[PDB]
Structures are given as structure tokens and as C-alpha cells.
*Asks:* 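The structure's right below; bear with me while I get my questions together.
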Amino acid sequence: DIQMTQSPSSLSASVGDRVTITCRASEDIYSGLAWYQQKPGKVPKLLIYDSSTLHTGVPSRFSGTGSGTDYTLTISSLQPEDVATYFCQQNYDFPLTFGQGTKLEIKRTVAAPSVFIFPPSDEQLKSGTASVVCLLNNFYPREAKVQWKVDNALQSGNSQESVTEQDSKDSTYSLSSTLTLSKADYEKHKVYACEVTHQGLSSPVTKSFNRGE
Amino acid sequence: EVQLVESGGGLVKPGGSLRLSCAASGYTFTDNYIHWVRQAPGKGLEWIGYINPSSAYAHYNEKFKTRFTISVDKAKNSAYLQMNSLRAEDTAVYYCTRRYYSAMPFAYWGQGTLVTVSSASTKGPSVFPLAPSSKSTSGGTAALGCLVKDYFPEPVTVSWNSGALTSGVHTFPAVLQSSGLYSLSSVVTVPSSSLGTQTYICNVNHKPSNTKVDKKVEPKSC
């Protein structure tokens with residue numbers, strides 16, 4: 001089979017940068033090369049075919065070049081909506097085969113998070129578990145420290161974080177931290193607080209509430 | 001326009017069988033082949049094979065013949081991917097796709113359908129409100145949401161107001177809890193001035209358990 005090797009596997013760059021991704025085939029594919037763009041959870045979108053022809057709707061900042069075994073995708077001036085994973089595919093011989101993908105991330109300026117906290121719902125508490133959600137919305141860079149404190153005692157082992165994909169328009173992230181306790185453990189304490197440290201904040205931000213209030 | 005719509009995914013036990021369907025619309029079905037492609041972390045995108053709907057001739061990636069069979073029903077403008085003897089590592093998103101036109105690459109893709117190969121049982125989620133309060137409202141903006149907890153397998157889909165509310169929505173990637181069940185939250189930011197006149201309903205669908213839940217998220221008095 002024809003093996004397709006893409007490089008790099010991931011890259012990050014700033015708006016306005018010229019970025020290059022390469023695809024090498026294990027044998028000559030005579031310009032029979034396609035490029036696809038895919039956003040997380042979404043379908044692949046055809047970007048380029050015949051190695052250098054842009055598909056309907058694709059902006060002119062994209063270009064494809066190469067011949068023989070070696071091909072390149074170039075974005076001349078990177079834009080926030082280009083955040084995606086890019087895949088090459090040879091269309092020359094069966095079985096059709098794809099490159100492993102290049103994940104493209106955007107670097108940009110600092111944006112401080114907005115911090116929100118949600119006590120457990122009455123609906124959930126009726127069932128014997130308490131989930132407390134701390135939300136950091138639309139911030140940059142991704143790095144952030146979120147600590148839970150219950151009656152001023154630092155917690156460990158009872159929370160999980162999830163971060164969104166980078167936004168296609170402003171290149172920011174959002175992050176959830178969820179503290180999960182049995183209802184019994186929850187009723188042993190009074191003050192529940194999320195403390196957030198981030199580059200865009202001059203000092204740590206604490207969002208807090210009192211159980212039962 | 002041209003559209004491919006898949007159905008049939010979900011949970012299957014190791015060694016079991018499952019059939020996906022791909023319904024084609026917007027063109028004469030017999031004018032193009034239907035191809036099947038799968039996507040999983042690690043091996044990435046892999047091409048499984050094609051079928052020519054006019055002749056019912058199917059051609060395969062040899063790697064896949066022992067577990068995958070492609071067929072068509074011209075009367076239904078549909079192609080099918082029949083899976084047999086599945087392994088846990090065959091968990092993947094399966095796509096049907098169509099070439100732009102003869103000999104060209106794939107311009108049209110089905111939405112993708114996750115097939116999860118596991119011995120664990122199906123579990124439908126509980127849906128709890130993340131109600132807006134003084135602790136989630138600042139600067140003219142209020143955040144609110146839905147916590148979707150304790151489901152298996154993936155995926156759940158969340159919409160807001162039956163799809164009419166999309167701006168400002170963040171549906172987080174699911175996390176795996178130590179219980180082996182998944183959880184996620186979906187949040188939205190809206191004007192704080194509007195909480196008394198606008199209605200916000202999260203629509204949660206977990207097809208593997210036939211779970212469909214609508215939860216109205218109402219403000220909390222704190």
C-alpha cells in the first residue's frame with residue numbers, strides 16, 4: 001500500500017504567519033493528492049485536489065504544491081478560522097490512504113477568564129450526589145490553575161477538568177472544573193470556593209458560596 | 001444539496017455484528033459510488049471500500065474484508081456497512097462518503113457514526129440544571145447550562161432551544177469518571193437583563209439508551 005507521512009504532527013502559530021505542512025508518499029503519486037480540513041467532531045472538508053486546485057469556497061490563502069512523492073500545504077497568512085487538523089490523502093491507487101494529520105493551533109494575545117460557579121442543583125441533591133461546577137469562560141492562553149477549597153481546606157482527588165476546542169473566531173478557550181462529593185460529604189462543610197490563577201488576572205480570583213444558602 | 005445521512009451506530013459487544021446505513025439524497029444515487037471510511041485516534045482515517053450502486057460491485061481494502069461487507073438497496077437510495085466479529089479496537093467513527101465526481105476526492109461526507117465495541121452495559125444520562133445566579137452573572141452577562149451525568153457509551157448531543165440558540169454555547173468534551181461512565185456540561189452566556197423574559201431549554205439526546213430529555217433552566221434566587 002502507499003504510505004503517507006505528514007510533518008509536523010502538530011504546530012502552533014500566530015495570525016499572519018506563513019505556515020507549511022508537508023506530505024510524503026512512499027512512491028510517486030503523480031500529483032494525485034488531496035488535502036482535507038477537519039474541525040473537532042465535524043466532518044472532513046475537501047480543501048485541495050489534484051495537489052494544487054482549491055475546492056469551492058476555499059480561501060486563496062491556502063495553496064498546494066509539490067510533485068513526485070513530496071507535497072506541501074501552505075497557508076500564506078494564518079487566520080483564526082484555520083484552527084483545525086489537516087490531512088492529506090493519495091487518490092492514485094487502491095487502497096486509498098491518508099496521512100496521519102497535522103493539528104494546527106493558534107497563538108494570540110492574553111485574555112483573562114470570566115469565572116462563574118454553580119452550586120449543585122436541588123434536583124441532583126435529591127439523588128445523593130453533589131456536583132459543583134466552576135467555569136472559566138473565553139480566556140487565553142489555555143494554561144490556568146484551578147483549586148477547590150472547602151471551608152478553606154485545599155481539595156485533591158475529587159475534581160475533573162475539561163477544556164473546549166479553541167474558538168474558530170477569537171482563538172480563546174473555556175474550561176470546566178467539576179468537584180463531585182457524596183451528599184453526606186457535602187453536608188459536612190459550609191463554604192465552597194473555586195480559586196483561579198491565570199496570566200490575565202493580577203491576583204487569584206475566588207468564586208464562593210455557602211452550602212444551603 | 002447533495003447529502004449523505006448515516007444511521008445505526010451505538011454499542012456492540014466484542015465478537016458481535018452491527019449494520020450501518022447511508023441514505024443518499026440530492027442526486028441520482030446510481031451516478032456515483034458510495035465509499036466507507038473510518039476514523040479513530042491512532043490509526044487516523046482509513047478507507048474501507050466502495051460499492052457501485054448500479055452493479056452492486058464492491059471493492060475493499062484487503063485489511064477489512066474479514067469484518068466488513070458493503071451492500072446497497074437501490075430502492076431506498078441507501079448503502080450499508082455490515083460489521084461482523086468486531087473487536088474492541090474497531091471502536092471508531094464510521095463515515096460514508098462520495099467523490100466530488102468520477103476519479104476525484106471526497107467532497108461529500110455523512111455526519112459520522114460512533115460504533116463502540118464494549119462488554120459494558122448501556123446507561124442513559126441524568127440531566128441537571130446549571131442555573132444562573134449572582135455567582136454566574138457579571139457585567140451584563142449571565143452563564144447557565146446543563147450537567148449531563150452518568151451515561152455510557154458516548155455520545156450525547158446537546159442543543160439549546162431546539163437548535164435556535166447556538167451563539168455563545170460551549171458543550172464541553174466528555175470526561176471519563178472512575179465509575180466508567182461519562183459526564184459533560186453544556187453552558188451558554190446570555191444577557192443578564194433577559195433572564196426574566198427569555199426561556200432556555202437544553203435538549204439532550206443519548207441515542208444508545210433511547211434517552212431524550214428537555215430541561216428548562218430557570219434562575220436560582222442566590
Side-chain angles (χ1 to χ4, degrees), chain A residues 2 4 6 21 23 25 29-39 42-67 71-75 81-82 84-99 101-102, chain B residues 1-6 20-39 44-61 70 72 74 77-79 81 93-113:
Chain A
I2 299 176
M4 309 297 293
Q6 281 181 246
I21 302 173
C23 179
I29 56 171
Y30 303 105
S31 295
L33 195 279
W35 291 96
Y36 300 86
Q37 180 192 66
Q38 191 182 33
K39 313 261 195 170
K42 305 301 194 306
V43 301
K45 305 289 192 48
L46 177 63
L47 295 174
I48 296 174
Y49 55 81
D50 293 329
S51 87
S52 62
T53 298
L54 277 36
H55 189 43
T56 312
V58 177
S60 57
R61 63 178 176 281
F62 290 93
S63 67
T65 62
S67 67
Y71 299 87
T72 303
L73 174 68
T74 303
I75 308 177
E81 61 266 30
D82 300 334
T85 297
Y86 296 83
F87 297 91
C88 64
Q89 180 220 314
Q90 65 86 13
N91 192 46
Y92 172 70
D93 198 22
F94 294 103
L96 303 182
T97 52
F98 296 81
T102 300
Chain B
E1 217 263 297
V2 169
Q3 282 190 279
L4 304 175
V5 176
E6 306 173 47
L20 301 181
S21 67
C22 177
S25 65
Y27 69 101
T28 299
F29 183 57
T30 52
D31 280 347
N32 303 264
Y33 300 179
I34 293 290
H35 298 243
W36 289 91
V37 172
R38 74 173 187 189
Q39 186 168 34
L45 291 154
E46 301 177 280
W47 176 85
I48 297 172
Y50 72 66
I51 188 155
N52 174 357
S54 298
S55 68
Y57 174 75
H59 186 65
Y60 299 87
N61 188 338
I70 303 164
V72 289
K74 292 181 283 169
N77 297 312
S78 296
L81 184 67
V93 173
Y94 289 81
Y95 295 100
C96 61
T97 188
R98 203 206 84 175
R99 297 186 184 272
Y100 180 27
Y101 64 93
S102 175
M104 307 296 287
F106 299 129
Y108 303 106
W109 293 73
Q111 77 274 14
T113 307

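Computation of the quantities below employed the complete heavy-atom set of this structure, encompassing side-chain atoms and omitting hydrogens, waters and symmetry-equivalent molecules. By convention in this document, chain letters (A, B, ...) are assigned in the order of the sequence lines, proteins followed by strands, and residues within each chain are numbered from 1.
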*Asks:* When rounded to the nearest 0.5 angstrom, what distance separates CG in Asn77(B) from CZ in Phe29(B)?
*Replies:* 6.0 Å

*Asks:* Take the angle between the ring planes of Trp47(B) and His35(B) and call it parallel below 30°, perpendicular above 60°, tilted in between.
*Replies:* tilted

*Asks:* Would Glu1(B) and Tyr108(B) count as having a side-chain donor-acceptor pair, cut-off 3.5 Å?
*Replies:* yes

*Asks:* Please give me the minimum heavy-atom distance between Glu6(B) and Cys96(B), naming the atom from each residue.
*Replies:* OE2-N, 3.1 Å

*Asks:* Which atom pair, heavy atoms only, marks the closest approach of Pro53(B) to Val72(B)?
*Replies:* CA-CG1, 4.1 Å

*Asks:* What is the distance from atom CD1 of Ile21(A) to atom CZ of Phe87(A), rounded to the nearest 0.5 Å?
*Replies:* 10.5 Å

*Asks:* Indicate the atoms forming the closest heavy-atom contact of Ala79(B) with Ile34(B), along with that distance.
*Replies:* CB-CG2, 3.8 Å

*Asks:* Quick one, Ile75(A) and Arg61(A) - any side-chain contact, counting heavy atoms below 4.5 Å?
*Replies:* yes

*Asks:* When rounded to the nearest 0.5 angstrom, what is the spacing between CG in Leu33(A) and OG in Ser52(A)?
*Replies:* 10.0 Å

*Asks:* Does the ring center of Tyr95(B) lie less than 6.0 Å from the ring center of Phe106(B)?
*Replies:* no

*Asks:* In sequence, state the C-alpha distance, the side-chain angles, and the governing distance for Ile29(A) and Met4(A), and then conclude on side chain to side chain contact (heavy atoms under 4.5 Å, CB included).
*Replies:* CA-CA 10 Å; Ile29(A) 56 171; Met4(A) 309 297 293; 4.2 Å; yes

*Asks:* Considering non-hydrogen atoms only, spot the tightest contact between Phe98(A) and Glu46(B) and give its length.
*Replies:* CD1-N, 4.4 Å

*Asks:* So is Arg98(B) actually on top of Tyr27(B)'s ring, under 6.0 Å and inside 45° of the axis?
*Replies:* yes

*Asks:* Within the distance-only criterion (no hydrogens, no angle test), does the side chain of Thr72(A) pair as donor or acceptor with the backbone N or O of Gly66(A) below 3.5 angstrom?
*Replies:* no

*Asks:* How far does CZ of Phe94(A) sit from OH of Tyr60(B), to the nearest 0.5 angstrom?
*Replies:* 13.5 Å

*Asks:* Taking the six-membered ring for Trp, are the ring centroids of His59(B) and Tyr33(B) within less than 6.0 Å of each other?
*Replies:* no

*Asks:* Is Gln3(B) reaching over with its side chain to a backbone N or O of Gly26(B), donor-acceptor style, under 3.5 angstrom?
*Replies:* no

*Asks:* Distance only, no hydrogens: is a donor on one side chain within 3.5 Å (strictly under) of an acceptor on the other, for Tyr36(A) and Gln89(A)?
*Replies:* yes

*Asks:* Identify the two heavy atoms, one from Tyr86(A) and one from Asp82(A), that lie closest to each other, and give their separation to 0.1 Å.
*Replies:* OH-O, 2.6 Å

*Asks:* What are the two closest heavy atoms between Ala24(B) and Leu4(B), and how far apart are they?
*Replies:* CB-CD2, 3.8 Å

*Asks:* Distance-only, no hydrogens or angles: does the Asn91(A) side chain make a donor-acceptor pair with backbone N or O of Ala103(B) under 3.5 Å?
*Replies:* yes

*Asks:* Give a yes or no answer on whether the side chain of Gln6(A) reaches the backbone of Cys23(A) with a donor-acceptor pair at less than 3.5 Å.
*Replies:* no

*Asks:* NZ of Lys45(A): more than 12 outside heavy atoms within 6.0 angstrom?
*Replies:* no

*Asks:* Does the pair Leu96(A) and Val37(B) meet the rule for a side chain to side chain contact (heavy atoms under 4.5 Å, CB included), with working shown?
*Replies:* CA-CA 10 Å; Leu96(A) 303 182; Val37(B) 172; over 6 Å; no

*Asks:* Under 3.5 Å, is there a donor on one side chain and an acceptor on the other for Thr97(A) and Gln90(A)?
*Replies:* yes

*Asks:* If you round to the nearest 0.5 Å, how far is CG of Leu45(B) from CD of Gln39(B)?
*Replies:* 4.0 Å

*Asks:* Keeping the roles fixed (side chain from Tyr71(A), backbone from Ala25(A)), state whether a donor-acceptor pair exists under 3.5 Å.
*Replies:* no

*Asks:* How long is the span from the OG1 atom in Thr74(A) to the CD1 atom in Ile48(A), to the nearest 0.5 Å?
*Replies:* 8.5 Å

